[PDB]
Amino acid sequence: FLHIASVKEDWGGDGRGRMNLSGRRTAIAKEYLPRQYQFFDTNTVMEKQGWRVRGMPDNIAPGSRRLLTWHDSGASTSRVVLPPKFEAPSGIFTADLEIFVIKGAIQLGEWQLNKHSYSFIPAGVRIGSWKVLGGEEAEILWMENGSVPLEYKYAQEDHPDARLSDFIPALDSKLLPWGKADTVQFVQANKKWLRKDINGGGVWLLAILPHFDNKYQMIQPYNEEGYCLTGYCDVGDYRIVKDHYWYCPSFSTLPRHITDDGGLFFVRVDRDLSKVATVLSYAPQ
Amino acid sequence: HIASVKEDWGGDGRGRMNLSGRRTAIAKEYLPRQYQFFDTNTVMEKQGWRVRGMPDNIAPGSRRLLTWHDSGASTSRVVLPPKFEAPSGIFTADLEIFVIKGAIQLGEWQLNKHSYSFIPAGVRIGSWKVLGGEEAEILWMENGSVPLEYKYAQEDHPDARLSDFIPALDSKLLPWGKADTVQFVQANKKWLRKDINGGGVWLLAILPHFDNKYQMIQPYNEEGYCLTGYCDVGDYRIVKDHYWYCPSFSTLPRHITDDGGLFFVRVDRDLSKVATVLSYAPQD
Amino acid sequence: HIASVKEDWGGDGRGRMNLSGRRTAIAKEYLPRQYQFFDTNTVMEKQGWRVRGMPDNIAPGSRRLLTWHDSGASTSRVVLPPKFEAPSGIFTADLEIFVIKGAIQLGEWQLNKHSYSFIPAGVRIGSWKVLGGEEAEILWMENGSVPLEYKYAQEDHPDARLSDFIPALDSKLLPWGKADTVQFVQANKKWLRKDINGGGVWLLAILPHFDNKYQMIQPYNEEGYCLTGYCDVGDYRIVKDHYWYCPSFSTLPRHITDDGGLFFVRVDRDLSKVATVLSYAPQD
Amino acid sequence: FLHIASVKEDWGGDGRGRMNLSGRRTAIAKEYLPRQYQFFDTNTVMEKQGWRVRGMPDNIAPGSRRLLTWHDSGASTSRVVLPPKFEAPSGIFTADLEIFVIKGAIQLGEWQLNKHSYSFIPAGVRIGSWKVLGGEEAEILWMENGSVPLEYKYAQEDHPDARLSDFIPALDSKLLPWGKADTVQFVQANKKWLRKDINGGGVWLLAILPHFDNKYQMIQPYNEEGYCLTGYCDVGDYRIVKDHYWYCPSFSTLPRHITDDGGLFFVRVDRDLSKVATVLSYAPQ
Amino acid sequence: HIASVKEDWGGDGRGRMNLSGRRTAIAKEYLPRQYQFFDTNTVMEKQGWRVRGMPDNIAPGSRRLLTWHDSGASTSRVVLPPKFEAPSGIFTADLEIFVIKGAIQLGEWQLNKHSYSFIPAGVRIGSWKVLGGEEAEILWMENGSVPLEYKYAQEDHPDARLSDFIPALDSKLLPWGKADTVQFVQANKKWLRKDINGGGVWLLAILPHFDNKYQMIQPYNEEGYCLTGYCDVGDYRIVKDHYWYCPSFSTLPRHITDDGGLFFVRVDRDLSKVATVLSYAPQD
Amino acid sequence: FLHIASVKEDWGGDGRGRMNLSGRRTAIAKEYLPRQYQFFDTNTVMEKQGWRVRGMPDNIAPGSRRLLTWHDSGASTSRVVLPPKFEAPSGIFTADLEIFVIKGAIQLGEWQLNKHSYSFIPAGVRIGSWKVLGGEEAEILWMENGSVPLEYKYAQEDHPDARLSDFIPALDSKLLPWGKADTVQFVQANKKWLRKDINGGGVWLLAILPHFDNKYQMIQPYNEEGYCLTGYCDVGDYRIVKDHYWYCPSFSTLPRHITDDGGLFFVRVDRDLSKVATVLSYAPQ
Amino acid sequence: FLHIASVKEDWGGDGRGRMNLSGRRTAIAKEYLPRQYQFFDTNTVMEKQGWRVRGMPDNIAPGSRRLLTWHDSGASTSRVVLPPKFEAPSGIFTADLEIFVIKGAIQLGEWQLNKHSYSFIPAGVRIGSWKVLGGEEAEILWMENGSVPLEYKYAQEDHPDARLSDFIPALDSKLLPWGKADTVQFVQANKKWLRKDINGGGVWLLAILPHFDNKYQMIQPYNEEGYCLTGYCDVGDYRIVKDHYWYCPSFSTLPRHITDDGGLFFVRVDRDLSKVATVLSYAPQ
């Protein structure tokens with residue numbers, strides 16, 4: 001029970017990743033645009049106030065939500081803002097949930113999640129009472145991944161069938177050290193792995209050093225999304241700066257990347273890019 | 001081989017350690033996600049201890065029960081007397097032995113100071129006894145699904161996992177190698193046994209002037225015994241003969257030691273994977 | 001996807017290359033364990049070549065059939081004319097393309113000199129054409145169980161292995177890396193594609209003053225095309241536009257080249273394993 | 001068909017290795033001696049003349065055989081001597097066969113196998129006509145491994161079910177380069193892998209450098225056999241020199257190894273020794 | 001070449017940088033062993049600046065004098081106007097140039113954003129000018145024993161250290177490499193110039209989430225300019241266009257930055273040696 | 001001026017090291033014993049109270065001193081104890097001075113030197129006012145190295161000819177990371193370099209891991225001294241524990257080293273041990 | 001005696017290299033062109049027949065010479081062709097001489113120098129009788145480096161002051177293995193060192209792999225010359241192919257290098273390029 005209906009991945013994966021980044025509609029497009037990279041400022045995305053997780057008690061304080069990308073099955077990525085006195089009860093969620101703190105601080109059960117802290121809450125895993133810390137609002141990348149739309153349910157203990165192994169209660173990325181990047185094109189950059197799928201896909205922070213230039217375009221046979229946390233990166237004639245987000249479905253052709261200042265980026269990819277012919281440099285004449 | 005229980009953190013139970021959900025010597029019940037430290041010297045030493053099934057005439061030992069589970073699994077500090085002498089046979093559960101003091105002999109092999117042995121359930125052991133005319137102290141670890149019992153047998157049980165049999169491993173002769181986790185880079189490790197799931201047993205050598213800097217969220221079960229030196233973990237000082245038990249998702253305080261130390265450690269999860277040991281440092 | 005034949009040397013057929021048991025352009029039948037080298041310039045160029053199923057009005061190309069199997073699988077040197085222009089659709093068999101001369105465009109992607117593409121059977125390709133107003137020469141590799149045929153389709157076949165799709169790989173932009181085999185240490189390799197069984201396609205750069213010293217027993221199928229430079233293999237000199245086919249267990253002579261060269265190579269077995277490339281040097 | 005009855009391994013393996021080194025009787029012992037290392041000079045083992053492979057045409061020239069170790073199921077290791085004009089027809093064998101040339105030269109089909117050349121012929125794989133080269137006798141380590149006793153059968157092509165992947169027609173170990181040793185105790189030595197099982201066990205040449213001293217005894221939870229090709233190695237109070245052979249069944253306790261001269265040794269082991277606690281150094285007081 | 005002064009910390013003066021004993025823009029005198037940080041935007045920009053010896057008709061620039069010594073040595077932020085155009089010749093002192101904004105051209109070579117040049121005293125430079133019709137901002141570094149002056153010359157001075165001449169180094173094209181010091185392991189370095197004594201000039205890239213943890217006793221002279229991002233050092237936040245000067249034996253506070261940054265750094269001592277950068281963390 | 005009379009080193013060095021470890025008399029021996037290792041407990045060495053550095057104002061609080069080793073030229077090593085309210089003025093010293101804190105904390109000028117902090121003060125380099133911190137006594141390894149006996153002299157600035165490059169004002173060894181050891185015999189140990197001579201000799205902390213056994217004796221063609229800070233190390237039938245010190249002049253033959261617990265040791269050597277034949281393993285029959 | 005007048009190097013070297021590549025006139029230019037790269041086909045350079053080394057007996061068979069570059073002091077580089085029956089006596093030369101075989105084979109004393117064989121004969125070192133082998137002419141890069149013009153002199157033994165250490169009698173580059181390149185721009189290439197100066201300058205073979213593109217121009221603050229042995233390399237709009245030669249004096253600005261086929265090149269440089277800022281990538285807008 002609980003775990004059911006995991007959809008296969010756009011590029012040819014087996015759906016074990018449970019990310020559901022395939023076939024999504026962006027905030028700036030009326031429908032899913034296949035093989036088309038899309039970049040936009042999340043500041044200009046409309047912020048629907050009074051947002052509340054389905055199933056949550058109605059007396060709970062509401063947050064706001066900027067819906068970045070989503071699929072009709074339920075999966076989505078969004079920039080939520082929880083107010084100063086936000087306080088929610090313990091329980092579970094009906095879908096896999098990823099959380100990444102952009103501004104402020106939050107507390108999930110006994111653990112604090114300050115600036116750039118991360119958590120992966122598998123569907124069925126119980127979380128204690130959670131709240132916003134420091135008397136200031138908190139901004140978070142709220143990522144609902146399950147096959148069904150995410151919903152809160154009160155529970156005393158974990159769901160029997162919960163993939164408890166995959167539970168990352170709190171990971172302060174700031175304390176984690178920088179390591180070598182995976183792809184051949186991003187050699188002059190560093191990576192911080194936050195989570196890795198059973199299929200090799202995952203979540204990580206990418207630090208691009210100054211004077212960066214990947215030189216060619218890139219055919220990306222996989223789904224990728226990301227959020228810019230600091231600095232910038234020119235990709236073609238578009239300049240991605242702080243708070244800009246992107247979505248590149250399978251087989252998108254990304255333009256040349258250039259940045260004299262460098263930057264920090266939250267990235268999420270549903271395929272193992274260590275294999276041969278997974279990131280193809282392209283430069284037509 | 002029947003009834004192997006799944007692991008706290010979400011493992012498949014193939015490890016057969018059963019470190020999940022245990023009650024300590026100092027606690028009335030299992031305290032989830034709570035690290036517990038204590039001096040084994042102060043744990044009560046019940047005299048007249050004897051393995052269930054052994055012949056009554058065998059000399060008894062003493063036992064200090066550190067941690068245990070109602071299914072049978074347990075960790076203990078036993079003391080076998082100078083003239084201890086037992087017959088050959090098998091045990092109905094996986095058994096791990098680590099010599100703290102003195103020397104013992106299992107079948108044809110001697111196990112002196114810091115010698116180790118893993119006896120899978122069903123594997124036959126020859127006659128065993130205490131050596132040198134002085135008592136021997138051992139970390140006695142009963143792991144199987146059922147409570148451990150002795151049974152006389154001339155040969156091994158047909159279905160015994162004989163591949164996992166480590167008759168005698170003298171850790172002193174083994175060389176020090178690189179540590180696994182990112183936080184314990186200024187330390188060395190000596191692997192004694194590794195599960196099919198990557199969990200295992202090892203000796204940890206913490207070099208002097210050590211400071212891990214942050215707290216650690218540990219999504220796995222771990223226990224250990226301090227053999228030499230010390231290690232401050234929060235406001236508690238772990239020294240020789242102190243033991244610990246950290247069930248899944250415990251939040252271990254900062255570790256500091258100016259002298260360093262040697263530690264017997266046992267963990268039921270592979271810590272090479274991403275997000276398995278999470279450094280934590282909250283503000284106010 | 002049905003009928004994938006097992007491989008000569010003992011593989012399970014998952015590679016889907018079908019390099020086993022092929023007849024060369026210069027031989028009346030399959031010659032087992034016999035290396036064969038020949039100049040593709042001298043192979044007959046049949047004009048009016050067209051993919052079965054394509055609309056009749058499409059401009060025809062020419063074809064020099066290098067090696068083939070009766071099941072359908074084949075390797076060829078085709079020449080598409082300046083105004084070649086084909087419609088979108090799928091192909092009923094796995095197709096590999098490597099540009100020798102000129103430039104082509106598959107859908108939205110250009111494939112200029114030494115650009116590569118792997119089109120799994122059932123994967124839809126957009127309209128394609130020759131670029132720059134000059135003809136294009138290509139290594140056309142039909143691999144599937146059945147003979148390759150064009151079929152018009154608006155979307156991909158439901159069961160198409162879309163994961164294996166390499167739309168466009170410009171090998172010129174890719175960097176040189178270490179070679180796999182022990183004998184070709186003084187050479188570099190550029191992987192273009194790797195099978196689920198470890199077999200694959202790659203470019204081999206042999207540095208000048210090369211000498212492998214011994215003969216080589218090759219327990220696997222291999223084919224290749226020389227793009228630049230040369231390589232003496234025994235008393236035969238492989239130069240630009242020469243091709244080879246070595247079925248399983250061929251005994252390749254010594255390789256020597258003072259100038260070095262660039263070579264397109266395709267092998268249906270993982271050569272990282274022990275005893276996969278055996279150096280041989282008999283006495284008298 | 002063909003492949004049937006592969007026995008499990010003494011120490012707890014799954015029998016996929018197909019070596020059958022478990023439970024063997026030596027030339028110097030009346031029965032299988034469990035957990036007991038045994039060393040002996042193959043020169044003194046009795047050489048039964050008129051040896052011939054079962055099923056071979058009777059007109060074929062006979063060889064001699066010194067039976068080193070064997071099991072009643074059929075598996076064995078022996079030192080055979082083929083005469084100058086030896087010549088046999090093409091065909092298959094009903095069991096896996098390993099060949100290692102000690103002296104002289106032989107030719108299997110089209111390939112020569114001179115001094116220290118090796119071949120692994122899986123059961124069912126066809127070999128062409130074979131003969132002794134150079135007009136002098138050849139000495140070979142003849143290793144019959146299959147579940148049933150080895151027997152010759154005439155065949156035009158390979159047996160349909162033959163594990164043709166595992167076929168090593170001819171490997172001249174002399175041309176192969178020396179590499180790092182696997183175990184922690186044999187760091188001051190080099191290794192030449194000739195064949196590796198699907199289980200990690202295998203065949204290799206071990207080069208022990210001069211001034212060698214492993215320091216302690218070794219508990220070996222696996223089956224191992226070997227033949228000394230050159231030099232020597234004192235193991236306890238026994239000195240292994242050229243033409244000496246050994247057999248160490250699972251859980252044998254090998255004494256300290258010392259050699260001031262070093263040596264070359266043909267070794268065969270049915271377990272992967274890369275894993276933790278596979279070679280246990282022992283030094284009792 | 002005469003009068004090269006010895007270095008503060010005990011060097012032999014071969015480096016010829018003269019970073020020792022300098023007065024900052026914000027201090028009335030040289031403050032020994034005291035780190036000083038300040039915003040160059042707020043330093044007074046004296047208009048009508050011109051190199052002593054240059055023809056009077058040449059267009060003037062502006063100058064913000066950061067640090068200097070009475071012997072002549074200095075570091076400054078100069079601004080050359082759109083139409084700036086100077087004649088060829090030599091300079092009586094070692095001169096280092098690093099482009100902050102815009103582009104300049106020295107002789108035949110362009111020096112665009114972050115381009116660098118080291119002109120040893122006596123080396124002839126061709127005519128030079130500002131490019132692109134917009135002003136150029138440069139870190140102008142006069143190093144010689146005597147105050148820098150222009151002199152017209154058709155050829156190089158006979159005794160000029162021509163080996164040390166770095167006409168044009170575009171740092172953007174240079175790749176990032178490993179850092180030298182143990183404290184800045186989570187950072188990369190781009191060497192622009194190295195002294196015969198191991199001191200030098202380089203660009204430092206500090207990755208995000210950086211924290212050096214302790215204070216640093218620096219037994220050497222160092223200066224630097226922030227090009228991008230930020231770095232908190234104690235309670236001061238160094239951001240774009242902020243400069244620093246740390247004379248020998250300064251005690252630098254802890255460095256923290258969540259964003260990271262790019263920094264022009266210049267040091268007159270080899271920091272590869274033991275006990276050259278000393279981590280310091282006092283208690284109470 | 002200032003720098004004059006640097007004596008050559010026992011084993012054949014050029015005296016540039018300026019350590020003067022050659023030809024010293026120990027606390028337990030009436031004269032210099034050539035090529036003889038000597039070990040002793042510093043606790044039992046007599047503690048002469050009322051110790052004061054020559055030239056220091058007489059009103060300054062006195063310390064105590066346990067003279068470990070010395071040479072008649074002036075060079076020495078000793079365990080001094082400064083009282084709680086100890087406070088000395090700024091100035092220079094006429095000889096090179098090394099300081100290593102064993103217990104408590106001291107402050108030299110503006111810099112604190114807590115437990116295991118180190119400082120190298122070259123002759124002629126000015127130090128500011130210095131005192132004992134924390135209201136508890138401090139214990140220090142006081143090492144006078146110069147050719148002439150060490151003496152305090154008041155000065156406002158550094159001596160013109162002072163080797164100011166060699167000045168290590170304060171090095172907290174605790175903050176320094178462990179690195180690989182230099183010698184072949186101490187592979188299972190780590191090292192922390194505190195200072196390195198122009199000749200390659202130096203000062204460092206040695207961390208010996210548990211279960212250590214160097215196996216053989218060691219012919220040491222160089223001068224070495226050291227102090228045990230924690231743990232132990234059996235060297236022959238003598239057991240070196242906390243507060244024990246040693247002195248091994250050139251060409252001493254050190255017995256086998258064994259320790260089941262491991263330990264931390266302050267070591268000082270006047271020769272580069274990276275060169276061939278500098279530490280000779282010896283094991284006579 | 002013998003060694004005198006070694007001129008300093010263009011870029012600021014101390015002249016210890018003794019190469020004298022500074023300030024040379026090319027075959028295609030009327031005078032030395034400072035900081036100007038020059039490329040040309042040696043086939044089109046005029047071949048003066050009847051060439052003979054000054055001091056050689058007049059009865060000796062003459063060769064031909066294509067003078068590539070030279071300086072008035074005596075130093076030069078040239079393509080000489082020795083006929084089939086060429087045979088010269090033993091003796092010395094008054095200047096350093098480098099020899100590299102392009103076609104055919106020659107024999108210097110007892111040693112053969114076949115295709116791509118190299119020799120460095122320091123001034124004053126005696127060479128035995130030398131001749132052309134195989135009955136076909138031999139082509140050689142004849143490099144006279146000494147301060148005075150090269151001249152033959154008969155001698156029975158070596159000149160007393162001859163730098164005999166630097167004597168490389170015969171180096172068959174074909175037998176030498178490929179190693180890593182030195183400069184940052186030529187990472188996708190391999191190098192074969194033939195000789196290295198006391199100053200770090202030297203001679204080597206450069207193997208450029210196919211699909212090469214250095215991307216930017218290069219400011220070269222040093223003297224360099226070279227000859228193309230096989231393949232090609234486009235440098236700007238000039239294509240260097242087999243038998244083309246180049247000369248780049250100090251501070252030349254070399255255009256972008258591109259080659260789809262790769263090639264082999266004989267190169268000679270008078271400066272150590274391992275140091276920082278020795279090869280400066282340049283790309284103006």
# chains A, B, ... in the order shown; residues from 1 in each chain; ligands from 1
>>> interface_residues(of="chain A", to="chain E", cutoff="9 Å", atoms="only C-alpha atoms", output="PyMOL selection string")
chain A and resi 173-178+188+190+207-212+229-231+260-264
>>> residues_around(residues="stretch 143-158 of chain G", least_positions_apart="5", cutoff="7 Å", atoms="only C-alpha atoms", output="PyMOL selection string")
chain G and resi 5-6+18-20+53-56+73-78+90-99+124-126
>>> write_last_selection(atoms="N, CA and C atoms", output="short mmCIF file (atom, residue, chain, number, x, y, z; two decimals), in the first residue's frame")
data_model
loop_
_atom_site.label_atom_id
_atom_site.label_comp_id
_atom_site.auth_asym_id
_atom_site.auth_seq_id
_atom_site.Cartn_x
_atom_site.Cartn_y
_atom_site.Cartn_z
N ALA G 5 83.02 32.78 -25.11
CA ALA G 5 82.05 33.70 -25.78
C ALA G 5 80.55 33.34 -25.86
N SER G 6 80.00 32.59 -24.88
CA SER G 6 78.55 32.22 -24.91
C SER G 6 77.61 33.44 -24.69
N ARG G 18 73.56 27.67 -24.35
CA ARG G 18 74.48 27.53 -25.48
C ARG G 18 73.81 27.16 -26.82
N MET G 19 72.55 27.56 -26.98
CA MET G 19 71.75 27.23 -28.16
C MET G 19 71.89 28.34 -29.22
N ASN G 20 71.91 29.59 -28.76
CA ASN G 20 72.04 30.77 -29.61
C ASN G 20 70.89 30.95 -30.63
N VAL G 53 81.85 20.72 -44.44
CA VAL G 53 82.16 21.35 -43.14
C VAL G 53 83.57 21.92 -43.19
N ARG G 54 83.75 23.18 -42.77
CA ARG G 54 85.07 23.85 -42.80
C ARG G 54 86.08 23.03 -41.99
N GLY G 55 87.26 22.78 -42.57
CA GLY G 55 88.31 21.99 -41.93
C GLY G 55 88.34 20.52 -42.35
N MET G 56 87.25 20.03 -42.94
CA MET G 56 87.14 18.65 -43.40
C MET G 56 88.09 18.43 -44.57
N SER G 73 77.21 35.24 -35.71
CA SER G 73 78.21 34.68 -34.79
C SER G 73 78.61 33.24 -35.19
N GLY G 74 77.74 32.53 -35.92
CA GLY G 74 78.02 31.17 -36.40
C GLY G 74 76.85 30.20 -36.27
N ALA G 75 76.07 30.35 -35.20
CA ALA G 75 74.93 29.48 -34.96
C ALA G 75 73.97 29.37 -36.16
N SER G 76 73.44 28.17 -36.41
CA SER G 76 72.52 27.94 -37.51
C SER G 76 71.73 26.63 -37.42
N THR G 77 70.68 26.55 -38.24
CA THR G 77 69.83 25.37 -38.36
C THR G 77 69.69 25.17 -39.86
N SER G 78 69.82 23.93 -40.30
CA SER G 78 69.74 23.64 -41.73
C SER G 78 69.38 22.19 -42.03
N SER G 90 87.17 10.55 -38.24
CA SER G 90 86.95 10.84 -36.85
C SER G 90 87.57 12.19 -36.52
N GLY G 91 87.13 12.77 -35.42
CA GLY G 91 87.64 14.06 -34.97
C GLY G 91 86.65 14.76 -34.07
N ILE G 92 86.86 16.06 -33.89
CA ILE G 92 85.99 16.89 -33.07
C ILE G 92 85.47 18.03 -33.91
N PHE G 93 84.57 18.80 -33.31
CA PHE G 93 84.01 19.99 -33.93
C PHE G 93 84.21 21.13 -32.92
N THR G 94 84.48 22.34 -33.42
CA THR G 94 84.71 23.51 -32.56
C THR G 94 83.45 24.13 -31.92
N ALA G 95 82.27 23.54 -32.15
CA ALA G 95 81.01 24.05 -31.60
C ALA G 95 80.05 22.92 -31.30
N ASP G 96 79.09 23.19 -30.42
CA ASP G 96 78.07 22.20 -30.08
C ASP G 96 77.27 21.89 -31.35
N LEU G 97 77.05 20.59 -31.60
CA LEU G 97 76.35 20.10 -32.79
C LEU G 97 75.18 19.16 -32.46
N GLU G 98 73.98 19.46 -32.97
CA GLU G 98 72.83 18.59 -32.76
C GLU G 98 72.48 18.03 -34.12
N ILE G 99 72.07 16.77 -34.14
CA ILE G 99 71.73 16.04 -35.33
C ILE G 99 70.42 15.31 -35.11
N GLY G 124 84.18 19.73 -28.66
CA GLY G 124 85.36 19.08 -28.11
C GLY G 124 85.26 17.58 -27.92
N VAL G 125 84.06 17.02 -28.01
CA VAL G 125 83.87 15.58 -27.85
C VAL G 125 84.20 14.90 -29.16
N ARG G 126 85.04 13.87 -29.10
CA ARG G 126 85.45 13.12 -30.28
C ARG G 126 84.41 12.11 -30.73
#
>>> atom_distance(atom1="atom CA of residue F:57", atom2="atom CA of residue F:123")
19.2 Å
>>> residues_around(residues="residue D:63", least_positions_apart="2", cutoff="7 Å", atoms="only C-alpha atoms", output="JSON, numbers by chain")
{"D": [49, 50, 51, 52, 61, 65, 80, 81, 82, 83]}
